[PDB]
Structures are given as structure tokens and as C-alpha cells.
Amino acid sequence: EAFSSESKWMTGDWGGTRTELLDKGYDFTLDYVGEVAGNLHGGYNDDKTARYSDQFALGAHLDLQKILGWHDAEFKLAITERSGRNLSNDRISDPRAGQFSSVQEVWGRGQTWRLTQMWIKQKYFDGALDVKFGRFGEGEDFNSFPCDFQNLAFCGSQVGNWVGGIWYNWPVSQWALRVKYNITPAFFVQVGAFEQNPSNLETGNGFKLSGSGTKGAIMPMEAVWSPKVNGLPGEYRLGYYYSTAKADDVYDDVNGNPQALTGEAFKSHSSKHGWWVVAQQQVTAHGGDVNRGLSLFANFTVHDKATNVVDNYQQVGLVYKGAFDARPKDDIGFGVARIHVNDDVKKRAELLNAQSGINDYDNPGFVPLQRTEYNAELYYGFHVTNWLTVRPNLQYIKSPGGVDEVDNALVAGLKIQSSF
């Protein structure tokens, strides 16, 4: 401890008192994430600049069994503040049809202070049933995926990205109940009910506890299989979500006519719904070391054609830990994602342009045809200490916002992760 290579905290164990608190059931954490991005070539605006965005996360993890005598119970408090600007908005995107993904995943949801987690959790029958209640985002339990890449498409719950209008990951919180049945040490099922309340997105409501503005509920379900394949760990997720809030059609007006022709309100549907798959698998163990080798990953996502802008999404990638004996804790990442836009969204746009008489893409009143956006990242993670990782990355974006008229973007990124 103190500032050392093997402490998982930069400030160490505070002369022992941190390790005591840990024994007594208290785990206090202060985690930092900084992301830099600068355009090197292409995208909507080719004036070269750089943007920086970051996040602090202050946490309190309580073992309520030691502290209160409550048999496997846990409390968690997390507060975040985020700061900075996003390259995706400021250079890459068409201003009237912004990028779906983002070259700085850590940016978004208001750049302020938020209550990001506040929940109590208890297990029953030797950890067979797991009940969790309080405030958190869907991605924390459902459709969960790590966040080492800088590009949004390869970080966190993807359902949270493409139906992010109602499903809100970290750092947004909402009242929620999540019930989990562990059928087998390597297989579980789970369902949840999340307050769905767009006012949580408004700056000012970073610490909202009231249920005012609730539009309905999101109800995710999931099966998560974590088998060993050839002695190597994998994790496979299959899920479905259902949302009880009203959503607008992407094309039909209230009468079933194309709304681009009428200007009347969109037809309203009483719900949204979709499915997802997450798969991650370690496929090699470098020279017999389980802690090194090649891991593959994939994500697929599918959404209701009626209301969702993103039709479907796919992502494939890999990461190698410890390619070289010299740097056994370093990693190499590569990922490709495809984000397809609901064709009716495009059809509606073609109609708009037809009716405004504006057919030139360079005309501000023209409404870009959104088709398919691709993202790719290649990164290298230096394991500086156990409390510091630094990963430069290279990002490539084909048709930002799905707009073929926007040149491919080459972006340079630097992602930093540290725990104090």
C-alpha cells in the first residue's frame, strides 16, 4: 500500500484503517475514468480538434450481515459526477442526424452529479434466490457487458444504447426490483421491474427520489449460462424486455396515413419490446496460464419495428490478455459493430424531403437518410499498476448516424481507468 504497483488503491490502505473497515464490512471506493478523443480524418466536420470527458464514482459497499446481522444482505451507495465534451457531437456527426454510438462512452446523461446506485440486496436458501431493491440502471444486472473499449458500441448494456430513450444504464438510477434464481452455480434466470421515467434524464433530477413523471415500467427477463468450455470460462445471455409506457410509431400517424404527409400526431402504441444475446468466451490459455490468452465476444440486439429507431444491432470482437511474456497483464482489443436503422424511419425522411421539395443533402432543411452505421475499435491496455490502466485506441466509423453522405471517420482515443 501507499502508491504502489500491487495495491488496488492509489491511496493504499491508509495505514491499515482501510483494511480494518473492509473486515468490518465497509468497502469505500473512488473510481476515475477519463476519455480523450480527437478526429484524425473524415466525419462531418474535418477541422481537427480534441475532446475530453470523464467520470468520478464514489461508492459505499456494506456487508449488512456483519454490520446489522442481516444474513447475506448488502447495501450499495454510488454517486457519480461526469464532466466534459464529446467528439461525436462536436466533429463527427451530421448536426441533424447524430452518431448512434459514441467515441467517448463515458460522456452523456447530463454531465452533472447523479445518484447512480442505492440498493439493498438479500439472498435466501443458500443463495438460490436473490432479491435486490432500490435504485440502479437496467444494465447493471441485465444485458451486462464490460466497459474496457472507449467506443459505446463495445461498452456496457447495448440494449441501453439502442433503446436508450427508455432504458437507462449507469449512471442514471431508477426505482427497481430485480429477482434472481440461481438454478445451478453456472446457470441463472432473472426478471425485473424498473420504473420508467424520462424526467430522470433531466439535469436537476440527478438525485430525484420521487416517482413523478413515471410513464410506465420496463420489465426485462434473462437467462445467463456460464459454462466452462475446455476448462475455460464463458458467459452466454439470452433476454427479452417489455416496456409498459406509450411509444410513438416511426411512420404511421394516428389514422394510419404516413405522418410525413399529414403532420398529425404519430400513432401511439401501448408498449415497446425486444430481445438480446450476449456471448463471451475464453478460447485459449496462453502457455497454460488461464489468466492469459484469447477471448471472443459478441452482442446481438433486436427491437420492435413499430417504435424503435435502431432496428437491430450486431457486434463481434476479441481481446487478448498477455500476448507477450514481458507484459502479462496487458490486453489487446478489437471490435466491430453494425447498427441498422429501421427502414420506415428512412422512408419517412424521404417523404419529408419530397414534400419540402428539398433534395440536396447540403441544404440545412434536407433531412438525412439514416441507414447503417458501423463502428470499430482497436486498443492496447497498459497495466501500469493494479490501480491504473491506460489504453490508447483507434476508432473507425463508417456512416456516422447511418448517413452515407458523411465520410468515414478516423478517431484517436486515450482511455484511462483508475481507482483511488
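Counting begins at 1, following the sequence as shown.
Hey, which bit's got the bigger mean C-alpha B factor in the entry, 133-141 or 229-237?
Between 229-237 and 133-141, it is 229-237 that shows the higher mean C-alpha B-factor.
Test of understanding: from the entry's C-alpha B-factors, which stretch has the higher mean, 196-204 or 93-101?
It is 196-204.
Name the residue from 302, 298, 265, 223 with the greatest C-alpha temperature factor listed in the entry.
So the option with the highest C-alpha B-factor is 265.
Could you tell me which one of 217, 310, 159, 247 shows the highest CA temperature factor in the PDB record?
Answer, based on the entry's C-alpha B-factors: 217.
Consider only the C-alpha atoms of the modelled residues in this chain, order them by B-factor as the entry records it, and name the third containing residue 9: lowest, middle or highest.
For residue 9, the deposited C-alpha B-factor lands in the middle third.
Split the chain's modelled residues into thirds by Cα B-factor; is residue 361 in the lowest, middle or highest one?
It falls in the top third of the chain.
Is residue 354 in the lowest, middle or highest third of its chain when residues are ranked by C-alpha B-factor?
Residue 354: CA B-factor falls in the highest third of its chain.
Please say which third, lowest, middle or highest, residue 30 falls into when its CA temperature factor is compared across its chain.
CA B-factor rank for residue 30: lowest third.
Test of reading the entry: by CA B factor among the chain's modelled residues, which third contains residue 63?
Tercile = highest for this residue's CA B-factor.
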